[PDB]
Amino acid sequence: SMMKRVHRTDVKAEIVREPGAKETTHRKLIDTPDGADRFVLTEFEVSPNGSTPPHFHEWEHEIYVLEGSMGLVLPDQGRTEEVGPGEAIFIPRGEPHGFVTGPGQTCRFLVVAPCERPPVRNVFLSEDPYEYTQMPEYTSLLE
């Protein structure tokens, strides 16, 4: 394969596919079509009033926060930790996590993932994939 270089703005931002995510887009910067065969690099952005359903999975995250701030929701620690620019975050396999932003709050961050990514498990189970945002158990993690 060949050396690839791409600027972030030349990768189209698409809405994330995870059901029940709000105001969250991503740009796949380096992926398996580029010859990456073990890990990949994706940029995410959570716009104001955004969230993803807290989940857990058998693939680790390494995260680097580029711009803005957001809440890292940590259901097994009963809390949400604010993260900001210049922070690296490792989330091991199995550890529940989700993202959130309030009004006026935007966050752009890199996620490094493996090529093989088994399906995620939701912390809050429901037919409606948005129901987590109205559950007391979730809202209490936000403080």
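Position 1 is the first residue in the sequence shown; the rest follow in order.
Comparing 59 to 67 with 32 to 40, the stretch with the higher mean C-alpha B-factor in the PDB entry is 32 to 40.
Residue 92 sits in the middle third of its chain by CA B factor, as recorded in the PDB entry.
In the deposited entry, the Cα temperature factor of residue 48 sits in the bottom third of values across the chain's modelled residues. Annotation for residue 74: C-alpha temperature factor in the middle third relative to the rest of the modelled chain, per the entry. Residue-level temperature factors show residue 126 in the highest third of its chain, judged at the C-alpha atom.
The entry lists a Cα temperature factor for residue 120 that places it in the middle third of the chain's modelled residues.
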